[PDB]
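Below is one structure, written out as structure tokens; the observations come after it.
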Amino acid sequence: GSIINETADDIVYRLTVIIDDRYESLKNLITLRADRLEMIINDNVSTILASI
Amino acid sequence: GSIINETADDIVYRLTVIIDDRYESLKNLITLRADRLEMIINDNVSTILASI
Amino acid sequence: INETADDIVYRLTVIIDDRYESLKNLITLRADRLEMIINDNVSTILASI
Amino acid sequence: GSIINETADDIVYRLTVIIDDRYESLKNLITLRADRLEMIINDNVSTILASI
């Protein structure tokens with residue numbers, strides 16, 4: 001494409017990679033922490049039920 | 001010509017779509033995990049209360 | 001050309017900030033709600049035995 | 001090296017800084033709230049188990 005069109009594509013591409021990377025990191029963190037909370041709750045409930 | 005202005009507007013438009021799409025995905029994920037935890041907590045507490 | 005770059009950066013910063021604030025508010029509100037639900041349920045359990 | 005490439009690099013760099021800052025802030029908030037939830041759940045479960 002033209003010089004200006006190619007440059008626009010470059011800017012959008014580069015920032016999309018940055019945005020996607022940060023997005024994936026936050027997604028993974030939220031999933032990890034929520035998954036751990038469910039794991040803890042599951043184990044604790046089992047312990048409570050076994051104790052009374 | 002007006003191509004620089006139009007290209008700037010296009011860059012902002014394209015990246016707005018990306019930014020908003022990732023935002024919506026995170027918003028939905030956080031809401032889903034929160035709802036899941038609330039349900040798990042309420043269900044488990046009901047079980048506990050009925051067991052003793 | 002410098003003014004165009006500034007305009008692009010400003011406009012996208014405004015949008016990024018808007019979505020950031022919304023996520024911050026969501027996380028805070030949902031976390032606060034979960035803490036309340038956990039404590040309320042625990043209070044019921046303790047008062048039950 | 002050119003003004004066109006320097007401009008693109010400028011836009012990408014400046015917005016990357018903004019994106020990174022917001023990302024770190026959200027990361028820290030998620031970590032803080034998840035840590036609090038684990039503490040509250042642990043505290044409460046220990047209280048329940050010590051009470052019966």
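By convention in this document, the chains of the structure tokens carry letters A, B, ... by their order, each chain's residues are numbered from 1, and ligands are numbered from 1 in the order they are shown.
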
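Least-squares fitting of chain A to chain D, using every C-alpha atom paired in order, leaves a residual RMSD of 0.4 Å.
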
Distance limit 12 Å, atoms considered: only C-alpha atoms. Which chain C residues sit that close to chain A? Return them as a compact mmCIF listing (two decimals) with N, CA and C atoms, in the first residue's frame.
# COMPACT_ATOMS: atom_id res chain seq x y z
N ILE C 1 2.75 17.61 11.48
CA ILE C 1 2.72 16.13 11.65
C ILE C 1 2.75 15.80 13.14
N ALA C 5 0.10 13.48 15.61
CA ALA C 5 0.53 12.44 16.53
C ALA C 5 -0.05 12.72 17.92
N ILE C 8 -3.79 11.86 18.04
CA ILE C 8 -4.02 10.42 18.09
C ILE C 8 -3.78 9.90 19.51
N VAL C 9 -2.67 10.31 20.10
CA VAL C 9 -2.33 9.87 21.45
C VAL C 9 -3.35 10.35 22.47
N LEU C 12 -6.88 8.45 22.04
CA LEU C 12 -6.86 7.07 22.51
C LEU C 12 -6.62 6.99 24.01
N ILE C 16 -8.82 4.84 26.62
CA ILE C 16 -8.14 3.87 27.48
C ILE C 16 -8.47 4.18 28.94
N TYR C 20 -10.41 1.85 31.61
CA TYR C 20 -9.64 1.53 32.81
C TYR C 20 -10.46 1.84 34.07
N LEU C 23 -13.22 -0.70 34.60
CA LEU C 23 -12.76 -1.98 35.12
C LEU C 23 -12.38 -1.85 36.59
N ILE C 27 -14.12 -4.14 39.48
CA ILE C 27 -13.35 -5.00 40.37
C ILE C 27 -13.59 -4.64 41.83
N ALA C 31 -15.57 -7.09 44.38
CA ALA C 31 -14.79 -7.61 45.50
C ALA C 31 -15.48 -7.24 46.81
N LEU C 34 -18.45 -9.52 47.29
CA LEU C 34 -18.06 -10.87 47.69
C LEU C 34 -17.67 -10.92 49.16
N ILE C 38 -19.57 -13.30 51.87
CA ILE C 38 -18.83 -14.29 52.64
C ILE C 38 -19.05 -14.07 54.13
N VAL C 42 -21.02 -16.48 56.83
CA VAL C 42 -20.26 -17.01 57.96
C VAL C 42 -20.95 -16.66 59.28
N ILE C 45 -23.63 -19.09 59.90
CA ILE C 45 -23.09 -20.38 60.32
C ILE C 45 -22.70 -20.35 61.80
N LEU C 46 -22.00 -19.30 62.21
CA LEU C 46 -21.56 -19.18 63.60
C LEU C 46 -22.74 -19.07 64.57
N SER C 48 -25.50 -20.43 64.13
CA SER C 48 -26.25 -21.68 64.03
C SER C 48 -25.59 -22.84 64.77
N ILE C 49 -24.35 -22.65 65.21
CA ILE C 49 -23.66 -23.70 65.93
C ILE C 49 -22.16 -23.69 65.73

What's around segment 8-16 of chain A at 8 Å? Count only C-alpha atoms, leave out sequence neighbours fewer than 4 positions away in its own chain, and write the answer as a VMD selection string. (chain A and resid 4 20) or (chain B and resid 7 to 8 11 14 to 15 18) or (chain D and resid 8 to 9 11 to 12 15 to 16)

So which residues touch segment 36-51 of chain D within 12 Å, counting only C-alpha atoms, skipping near sequence neighbours fewer than 5 positions away, as a PyMOL selection string? (chain A and resi 33-52) or (chain B and resi 34+37+41+45+48) or (chain C and resi 28+30-49) or (chain D and resi 29-31)

Length of the atom CA of residue 4 of chain C to atom CA of residue 6 of chain B vector [Å]: 10.5 Å

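Atom CA of residue 11 of chain C to atom CA of residue 24 of chain C spans 20.2 Å [interatomic distance, one decimal].
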